[PDB]
>>> print(open('data-v3.tsv').read())   # TSV, N, CA, C and O atoms
chain	number	residue	atom	x	y	z
A	1	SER	N	0.81	-1.23	0.00
A	1	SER	CA	0.00	0.00	0.00
A	1	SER	C	0.85	1.28	0.00
A	1	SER	O	0.40	2.34	0.44
A	2	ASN	N	2.07	1.21	-0.55
A	2	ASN	CA	3.02	2.33	-0.59
A	2	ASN	C	2.41	3.66	-1.07
A	2	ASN	O	2.61	4.70	-0.43
A	3	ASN	N	1.62	3.64	-2.15
A	3	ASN	CA	0.98	4.85	-2.70
A	3	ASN	C	-0.32	5.27	-1.98
A	3	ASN	O	-0.97	6.23	-2.40
A	4	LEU	N	-0.70	4.59	-0.90
A	4	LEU	CA	-1.99	4.70	-0.22
A	4	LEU	C	-1.85	4.99	1.29
A	4	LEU	O	-2.76	5.57	1.88
A	5	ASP	N	-0.70	4.69	1.90
A	5	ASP	CA	-0.42	5.04	3.30
A	5	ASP	C	1.07	5.29	3.67
A	5	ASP	O	1.42	5.21	4.85
A	6	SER	N	1.94	5.67	2.73
A	6	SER	CA	3.36	6.00	3.02
A	6	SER	C	3.73	7.45	2.66
A	6	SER	O	3.49	7.89	1.53
A	7	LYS	N	4.32	8.22	3.59
A	7	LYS	CA	4.55	9.68	3.47
A	7	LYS	C	6.00	10.02	3.13
A	7	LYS	O	6.90	9.39	3.67
A	8	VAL	N	6.27	11.03	2.29
A	8	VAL	CA	7.66	11.39	1.90
A	8	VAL	C	8.54	11.73	3.12
A	8	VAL	O	9.69	11.29	3.20
A	9	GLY	N	7.99	12.44	4.11
A	9	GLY	CA	8.65	12.75	5.38
A	9	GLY	C	8.58	11.64	6.45
A	9	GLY	O	9.01	11.86	7.58
A	10	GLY	N	8.01	10.48	6.11
A	10	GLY	CA	7.74	9.36	7.03
A	10	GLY	C	6.32	9.40	7.60
A	10	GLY	O	5.94	10.36	8.27
A	11	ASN	N	5.52	8.36	7.32
A	11	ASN	CA	4.27	8.12	8.04
A	11	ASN	C	4.59	7.39	9.35
A	11	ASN	O	4.91	6.20	9.33
A	12	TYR	N	4.47	8.09	10.48
A	12	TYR	CA	4.68	7.54	11.82
A	12	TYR	C	3.38	7.15	12.55
A	12	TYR	O	3.42	6.79	13.73
A	13	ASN	N	2.22	7.17	11.88
A	13	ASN	CA	0.93	6.80	12.48
A	13	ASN	C	0.81	5.30	12.85
A	13	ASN	O	-0.08	4.93	13.62
A	14	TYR	N	1.67	4.44	12.30
A	14	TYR	CA	1.60	2.99	12.49
A	14	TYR	C	2.66	2.47	13.45
A	14	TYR	O	3.85	2.77	13.32
A	15	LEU	N	2.20	1.67	14.42
A	15	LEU	CA	2.95	1.18	15.57
A	15	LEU	C	3.02	-0.35	15.57
A	15	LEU	O	2.03	-1.03	15.27
A	16	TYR	N	4.14	-0.91	16.03
A	16	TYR	CA	4.26	-2.32	16.40
A	16	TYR	C	4.79	-2.48	17.82
A	16	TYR	O	5.52	-1.62	18.33
A	17	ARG	N	4.47	-3.60	18.45
A	17	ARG	CA	4.93	-3.88	19.81
A	17	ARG	C	6.29	-4.58	19.82
A	17	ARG	O	6.37	-5.79	19.60
A	18	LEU	N	7.34	-3.81	20.08
A	18	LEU	CA	8.71	-4.33	20.13
A	18	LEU	C	9.01	-5.04	21.47
A	18	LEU	O	9.79	-5.98	21.49
A	19	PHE	N	8.36	-4.63	22.57
A	19	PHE	CA	8.57	-5.20	23.90
A	19	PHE	C	7.27	-5.64	24.59
A	19	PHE	O	6.26	-4.94	24.55
A	20	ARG	N	7.37	-6.75	25.33
A	20	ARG	CA	6.28	-7.34	26.11
A	20	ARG	C	6.84	-8.30	27.18
A	20	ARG	O	7.91	-8.88	26.99
A	21	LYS	N	6.14	-8.47	28.31
A	21	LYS	CA	6.61	-9.36	29.39
A	21	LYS	C	6.59	-10.85	29.04
A	21	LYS	O	7.29	-11.64	29.69
A	22	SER	N	5.79	-11.26	28.06
A	22	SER	CA	5.52	-12.68	27.77
A	22	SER	C	5.05	-12.90	26.33
A	22	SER	O	4.59	-11.98	25.65
A	23	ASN	N	5.15	-14.15	25.87
A	23	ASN	CA	4.75	-14.62	24.55
A	23	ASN	C	3.20	-14.57	24.41
A	23	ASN	O	2.48	-15.26	25.13
A	24	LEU	N	2.68	-13.72	23.51
A	24	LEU	CA	1.24	-13.45	23.36
A	24	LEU	C	0.45	-14.65	22.81
A	24	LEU	O	0.90	-15.38	21.92
A	25	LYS	N	-0.77	-14.86	23.32
A	25	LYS	CA	-1.65	-16.00	23.00
A	25	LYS	C	-2.36	-15.86	21.63
A	25	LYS	O	-2.57	-14.74	21.17
A	26	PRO	N	-2.77	-16.97	20.98
A	26	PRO	CA	-3.50	-16.94	19.71
A	26	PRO	C	-4.73	-16.03	19.69
A	26	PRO	O	-5.56	-16.10	20.58
A	27	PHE	N	-4.84	-15.20	18.64
A	27	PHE	CA	-5.92	-14.21	18.44
A	27	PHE	C	-6.17	-13.27	19.64
A	27	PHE	O	-7.23	-12.64	19.72
A	28	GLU	N	-5.22	-13.14	20.56
A	28	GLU	CA	-5.27	-12.17	21.66
A	28	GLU	C	-4.71	-10.81	21.21
A	28	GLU	O	-3.86	-10.75	20.31
A	29	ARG	N	-5.20	-9.72	21.79
A	29	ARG	CA	-4.82	-8.34	21.42
A	29	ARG	C	-4.32	-7.57	22.63
A	29	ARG	O	-4.95	-7.60	23.69
A	30	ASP	N	-3.22	-6.84	22.46
A	30	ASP	CA	-2.55	-6.19	23.58
A	30	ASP	C	-2.52	-4.66	23.41
A	30	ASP	O	-1.77	-4.12	22.60
A	31	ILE	N	-3.36	-3.96	24.18
A	31	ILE	CA	-3.53	-2.50	24.13
A	31	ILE	C	-2.54	-1.75	25.05
A	31	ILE	O	-2.38	-0.53	24.93
A	32	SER	N	-1.83	-2.45	25.94
A	32	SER	CA	-0.99	-1.87	27.02
A	32	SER	C	0.08	-0.89	26.52
A	32	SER	O	0.62	-1.03	25.42
A	33	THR	N	0.43	0.10	27.34
A	33	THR	CA	1.54	1.05	27.07
A	33	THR	C	2.51	1.16	28.26
A	33	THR	O	3.35	2.05	28.31
A	34	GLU	N	2.38	0.25	29.22
A	34	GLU	CA	3.20	0.16	30.43
A	34	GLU	C	4.67	-0.09	30.08
A	34	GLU	O	4.98	-0.96	29.26
A	35	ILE	N	5.59	0.66	30.69
A	35	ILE	CA	7.02	0.65	30.35
A	35	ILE	C	7.63	-0.73	30.62
A	35	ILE	O	7.56	-1.25	31.74
A	36	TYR	N	8.25	-1.33	29.60
A	36	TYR	CA	8.94	-2.61	29.72
A	36	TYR	C	10.25	-2.47	30.51
A	36	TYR	O	11.01	-1.52	30.30
A	37	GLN	N	10.51	-3.42	31.41
A	37	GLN	CA	11.72	-3.48	32.25
A	37	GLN	C	12.74	-4.45	31.65
A	37	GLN	O	12.66	-5.66	31.88
A	38	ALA	N	13.72	-3.95	30.89
A	38	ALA	CA	14.81	-4.79	30.38
A	38	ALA	C	15.89	-5.03	31.46
A	38	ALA	O	16.39	-6.15	31.61
A	39	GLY	N	16.24	-4.00	32.24
A	39	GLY	CA	17.12	-4.12	33.41
A	39	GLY	C	16.47	-4.84	34.60
A	39	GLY	O	15.25	-4.94	34.69
A	40	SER	N	17.29	-5.30	35.55
A	40	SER	CA	16.84	-6.03	36.75
A	40	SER	C	16.06	-5.17	37.76
A	40	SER	O	15.24	-5.69	38.53
A	41	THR	N	16.31	-3.86	37.78
A	41	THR	CA	15.61	-2.90	38.64
A	41	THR	C	14.13	-2.76	38.25
A	41	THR	O	13.82	-2.75	37.05
A	42	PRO	N	13.21	-2.57	39.21
A	42	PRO	CA	11.88	-2.06	38.90
A	42	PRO	C	11.97	-0.65	38.30
A	42	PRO	O	12.97	0.06	38.48
A	43	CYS	N	10.95	-0.24	37.54
A	43	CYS	CA	11.01	0.96	36.71
A	43	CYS	C	9.67	1.70	36.65
A	43	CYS	O	9.00	1.78	35.62
A	44	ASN	N	9.25	2.24	37.80
A	44	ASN	CA	8.04	3.06	37.92
A	44	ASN	C	8.15	4.38	37.12
A	44	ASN	O	9.24	4.83	36.76
A	45	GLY	N	7.01	5.03	36.87
A	45	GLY	CA	6.94	6.29	36.13
A	45	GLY	C	7.03	6.14	34.60
A	45	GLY	O	7.01	5.04	34.05
A	46	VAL	N	7.08	7.28	33.91
A	46	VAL	CA	6.91	7.39	32.44
A	46	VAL	C	8.12	6.94	31.61
A	46	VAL	O	7.97	6.70	30.41
A	47	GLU	N	9.30	6.84	32.21
A	47	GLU	CA	10.60	6.53	31.58
A	47	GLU	C	11.60	5.97	32.60
A	47	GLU	O	11.44	6.17	33.81
A	48	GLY	N	12.69	5.35	32.13
A	48	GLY	CA	13.82	4.97	32.98
A	48	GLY	C	14.98	4.26	32.27
A	48	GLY	O	14.94	4.00	31.07
A	49	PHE	N	16.05	3.99	33.02
A	49	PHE	CA	17.29	3.39	32.51
A	49	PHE	C	17.19	1.87	32.28
A	49	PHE	O	16.79	1.15	33.19
B	1	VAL	N	38.74	-7.24	27.39
B	1	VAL	CA	37.85	-6.55	26.44
B	1	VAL	C	37.24	-5.27	27.04
B	1	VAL	O	37.34	-4.20	26.42
B	2	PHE	N	36.57	-5.36	28.19
B	2	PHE	CA	35.67	-4.32	28.70
B	2	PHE	C	36.29	-3.36	29.72
B	2	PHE	O	35.87	-2.21	29.80
B	3	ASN	N	37.29	-3.81	30.50
B	3	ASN	CA	37.86	-3.03	31.62
B	3	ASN	C	39.27	-2.50	31.35
B	3	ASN	O	39.98	-2.07	32.27
B	4	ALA	N	39.68	-2.48	30.07
B	4	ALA	CA	40.94	-1.90	29.60
B	4	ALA	C	41.11	-0.43	30.06
B	4	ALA	O	40.17	0.36	29.98
B	5	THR	N	42.31	-0.03	30.50
B	5	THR	CA	42.55	1.35	30.98
B	5	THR	C	42.34	2.42	29.89
B	5	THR	O	41.80	3.50	30.17
B	6	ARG	N	42.70	2.11	28.64
B	6	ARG	CA	42.49	2.94	27.45
B	6	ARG	C	41.92	2.08	26.33
B	6	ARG	O	42.38	0.96	26.11
B	7	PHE	N	40.91	2.60	25.64
B	7	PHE	CA	40.30	1.99	24.45
B	7	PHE	C	40.97	2.52	23.17
B	7	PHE	O	41.74	3.48	23.21
B	8	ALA	N	40.68	1.92	22.01
B	8	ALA	CA	41.14	2.46	20.73
B	8	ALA	C	40.39	3.74	20.31
B	8	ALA	O	39.23	3.95	20.67
B	9	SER	N	41.02	4.55	19.44
B	9	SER	CA	40.30	5.49	18.58
B	9	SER	C	39.42	4.76	17.57
B	9	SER	O	39.83	3.73	17.02
B	10	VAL	N	38.26	5.31	17.23
B	10	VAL	CA	37.35	4.70	16.25
B	10	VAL	C	37.94	4.63	14.84
B	10	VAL	O	37.71	3.63	14.16
B	11	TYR	N	38.77	5.58	14.40
B	11	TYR	CA	39.47	5.45	13.10
B	11	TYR	C	40.46	4.26	13.05
B	11	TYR	O	40.89	3.85	11.97
B	12	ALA	N	40.78	3.66	14.21
B	12	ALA	CA	41.69	2.54	14.37
B	12	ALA	C	41.09	1.45	15.29
B	12	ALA	O	41.79	0.85	16.10
B	13	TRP	N	39.77	1.20	15.16
B	13	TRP	CA	39.03	0.22	15.95
B	13	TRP	C	39.73	-1.16	15.93
B	13	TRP	O	39.95	-1.74	14.87
B	14	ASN	N	40.12	-1.66	17.11
B	14	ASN	CA	40.83	-2.94	17.23
B	14	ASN	C	39.88	-4.12	16.93
B	14	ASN	O	38.66	-3.96	17.00
B	15	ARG	N	40.43	-5.31	16.67
B	15	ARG	CA	39.69	-6.58	16.57
B	15	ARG	C	40.39	-7.65	17.40
B	15	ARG	O	41.42	-8.20	16.99
B	16	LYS	N	39.82	-7.97	18.56
B	16	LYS	CA	40.31	-9.02	19.47
B	16	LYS	C	39.54	-10.32	19.22
B	16	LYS	O	38.34	-10.41	19.49
B	17	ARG	N	40.24	-11.34	18.72
B	17	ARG	CA	39.68	-12.68	18.56
B	17	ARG	C	39.55	-13.37	19.92
B	17	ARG	O	40.42	-13.24	20.78
B	18	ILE	N	38.46	-14.11	20.09
B	18	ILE	CA	38.08	-14.84	21.31
B	18	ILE	C	37.80	-16.31	20.94
B	18	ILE	O	37.10	-16.58	19.96
B	19	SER	N	38.38	-17.26	21.68
B	19	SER	CA	38.23	-18.71	21.43
B	19	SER	C	38.65	-19.58	22.64
B	19	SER	O	39.35	-19.12	23.54
B	20	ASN	N	38.22	-20.85	22.61
B	20	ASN	CA	38.43	-21.91	23.61
B	20	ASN	C	38.07	-21.49	25.05
B	20	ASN	O	38.83	-21.72	25.99
B	21	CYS	N	36.90	-20.87	25.21
B	21	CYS	CA	36.46	-20.25	26.46
B	21	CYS	C	34.92	-20.23	26.64
B	21	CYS	O	34.17	-20.43	25.68
B	22	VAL	N	34.46	-19.97	27.87
B	22	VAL	CA	33.03	-19.91	28.25
B	22	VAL	C	32.55	-18.46	28.42
B	22	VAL	O	33.20	-17.67	29.09
B	23	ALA	N	31.42	-18.11	27.81
B	23	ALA	CA	30.94	-16.73	27.61
B	23	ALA	C	29.87	-16.24	28.62
B	23	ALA	O	28.83	-15.70	28.23
B	24	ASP	N	30.09	-16.42	29.93
B	24	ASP	CA	29.11	-16.08	31.00
B	24	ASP	C	28.78	-14.57	31.06
B	24	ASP	O	29.66	-13.75	31.30
B	25	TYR	N	27.50	-14.21	30.90
B	25	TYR	CA	27.03	-12.81	30.97
B	25	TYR	C	26.72	-12.29	32.38
B	25	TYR	O	26.37	-11.12	32.51
B	26	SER	N	26.76	-13.12	33.42
B	26	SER	CA	26.10	-12.81	34.71
B	26	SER	C	26.62	-11.54	35.42
B	26	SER	O	25.85	-10.85	36.08
B	27	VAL	N	27.90	-11.19	35.23
B	27	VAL	CA	28.52	-9.94	35.72
B	27	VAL	C	28.56	-8.81	34.67
B	27	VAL	O	29.08	-7.73	34.94
B	28	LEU	N	28.03	-9.05	33.46
B	28	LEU	CA	27.95	-8.11	32.34
B	28	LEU	C	26.53	-7.58	32.14
B	28	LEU	O	26.28	-6.39	32.32
B	29	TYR	N	25.57	-8.44	31.78
B	29	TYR	CA	24.19	-8.03	31.47
B	29	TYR	C	23.42	-7.55	32.70
B	29	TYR	O	22.73	-6.53	32.64
B	30	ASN	N	23.58	-8.23	33.84
B	30	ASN	CA	22.93	-7.84	35.10
B	30	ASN	C	23.53	-6.56	35.73
B	30	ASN	O	22.95	-6.02	36.67
B	31	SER	N	24.67	-6.07	35.23
B	31	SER	CA	25.31	-4.85	35.74
B	31	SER	C	24.54	-3.57	35.37
B	31	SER	O	23.76	-3.54	34.41
B	32	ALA	N	24.78	-2.48	36.11
B	32	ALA	CA	24.31	-1.14	35.73
B	32	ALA	C	25.26	-0.40	34.76
B	32	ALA	O	24.90	0.64	34.21
B	33	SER	N	26.48	-0.91	34.54
B	33	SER	CA	27.58	-0.18	33.89
B	33	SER	C	27.34	0.17	32.42
B	33	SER	O	27.76	1.24	31.97
B	34	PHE	N	26.71	-0.72	31.65
B	34	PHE	CA	26.48	-0.53	30.22
B	34	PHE	C	25.22	0.31	29.95
B	34	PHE	O	24.10	-0.10	30.29
B	35	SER	N	25.40	1.48	29.33
B	35	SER	CA	24.34	2.46	29.05
B	35	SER	C	23.37	2.01	27.95
B	35	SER	O	22.24	2.50	27.86
B	36	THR	N	23.83	1.10	27.09
B	36	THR	CA	23.07	0.45	26.03
B	36	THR	C	23.76	-0.88	25.74
B	36	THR	O	24.92	-0.90	25.34
B	37	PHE	N	23.07	-1.98	26.00
B	37	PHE	CA	23.49	-3.33	25.64
B	37	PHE	C	22.34	-3.91	24.81
B	37	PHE	O	21.23	-4.08	25.33
B	38	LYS	N	22.58	-4.17	23.53
B	38	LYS	CA	21.57	-4.70	22.60
B	38	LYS	C	22.14	-5.82	21.73
B	38	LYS	O	23.17	-5.64	21.08
B	39	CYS	N	21.44	-6.95	21.68
B	39	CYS	CA	21.68	-8.05	20.74
B	39	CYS	C	20.51	-8.11	19.75
B	39	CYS	O	19.35	-8.08	20.16
B	40	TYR	N	20.79	-8.13	18.44
B	40	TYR	CA	19.80	-7.82	17.40
B	40	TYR	C	19.20	-9.07	16.71
B	40	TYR	O	18.28	-8.94	15.89
B	41	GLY	N	19.69	-10.27	17.03
B	41	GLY	CA	19.19	-11.55	16.53
B	41	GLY	C	19.02	-12.65	17.59
B	41	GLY	O	18.55	-13.74	17.27
B	42	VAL	N	19.39	-12.37	18.85
B	42	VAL	CA	19.26	-13.26	20.02
B	42	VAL	C	18.87	-12.43	21.24
B	42	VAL	O	19.28	-11.28	21.37
B	43	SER	N	18.10	-13.00	22.16
B	43	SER	CA	17.79	-12.35	23.44
B	43	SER	C	19.02	-12.35	24.36
B	43	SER	O	19.69	-13.39	24.47
B	44	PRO	N	19.31	-11.26	25.10
B	44	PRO	CA	20.47	-11.22	25.99
B	44	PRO	C	20.38	-12.24	27.13
B	44	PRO	O	21.40	-12.80	27.54
B	45	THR	N	19.17	-12.59	27.57
B	45	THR	CA	18.93	-13.67	28.55
B	45	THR	C	19.37	-15.06	28.06
B	45	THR	O	19.75	-15.90	28.89
B	46	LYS	N	19.37	-15.32	26.75
B	46	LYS	CA	19.70	-16.62	26.14
B	46	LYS	C	21.19	-16.81	25.83
B	46	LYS	O	21.59	-17.94	25.55
B	47	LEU	N	22.02	-15.79	25.99
B	47	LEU	CA	23.48	-15.86	25.79
B	47	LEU	C	24.21	-16.90	26.67
B	47	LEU	O	25.34	-17.27	26.36
B	48	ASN	N	23.57	-17.41	27.74
B	48	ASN	CA	24.08	-18.55	28.52
B	48	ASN	C	23.71	-19.92	27.92
B	48	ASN	O	24.51	-20.85	27.97
B	49	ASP	N	22.50	-20.06	27.36
B	49	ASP	CA	22.00	-21.32	26.78
B	49	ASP	C	22.71	-21.67	25.47
B	49	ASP	O	22.77	-22.84	25.07
>>> encode(input="data-v3.tsv", output="structure tokens")
Amino acid sequence: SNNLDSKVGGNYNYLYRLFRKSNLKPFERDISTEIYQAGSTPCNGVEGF
Amino acid sequence: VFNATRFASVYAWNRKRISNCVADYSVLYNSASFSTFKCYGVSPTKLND
């Protein structure tokens, strides 16, 4: 759909889920935006290391 | 590799070969020291398996 939804300056309206706590189940949908913890520390709030 | 007193200049980036050894991450990945540690085709948790 290059000529129907791709922008010269970049179309950034489309998102994929790069991080999640676990392997997602068949036909299940994940709306969450909770910050993923890659480090061993807990990570409260909007951002962290 | 990681705790050298001086590193190379990037115009002269060194190449250290590694062999006949065990690659334990437990004092590397679990540390706070690395500001960005990313593996692009394997999970960092699986580097022991």
>>> interface_residues(input="data-v3.tsv", of="chain B", to="chain A", cutoff="9 Å", atoms="only C-alpha atoms", output="PyMOL selection string")
chain B and resi 29-32+35
>>> atom_distance(input="data-v3.tsv", atom1="CA of residue 32 (chain A)", atom2="CA of residue 14 (chain A)")
15.5 Å
>>> axis_aligned_box(input="data-v3.tsv", around="region 8-23 of chain B", padding_each_side="5 Å", output="AutoDock Vina command-line options")
--center_x 35.3 --center_y -8.2 --center_z 20.5 --size_x 23.0 --size_y 37.5 --size_z 27.1
>>> residues_around(input="data-v3.tsv", residues="residue 35 (chain A)", least_positions_apart="3", cutoff="7 Å", atoms="all atoms listed in the file", output="PyMOL selection string")
chain A and resi 38+43+45-47
>>> select_by_dssp(input="data-v3.tsv", residues="region 1-44 of chain A", states="helix (DSSP H, G or I)", output="PyMOL selection string")
chain A and resi 2-5
>>> closest_residue(input="data-v3.tsv", among="B:21, B:26, B:16, B:9", to="residue 46 (chain B)", atoms="only C-alpha atoms")
B:26
>>> atom_distance(input="data-v3.tsv", atom1="atom N of residue 4 (chain B)", atom2="atom N of residue 22 (chain B)")
18.4 Å
>>> residues_around(input="data-v3.tsv", residues="residue 21 (chain A)", least_positions_apart="2", cutoff="7 Å", atoms="all atoms listed in the file", output="list in words")
residues 19, 23 and 36 of chain A
>>> atom_distance(input="data-v3.tsv", atom1="atom O of residue 20 (chain A)", atom2="atom C of residue 23 (chain B)")
23.2 Å
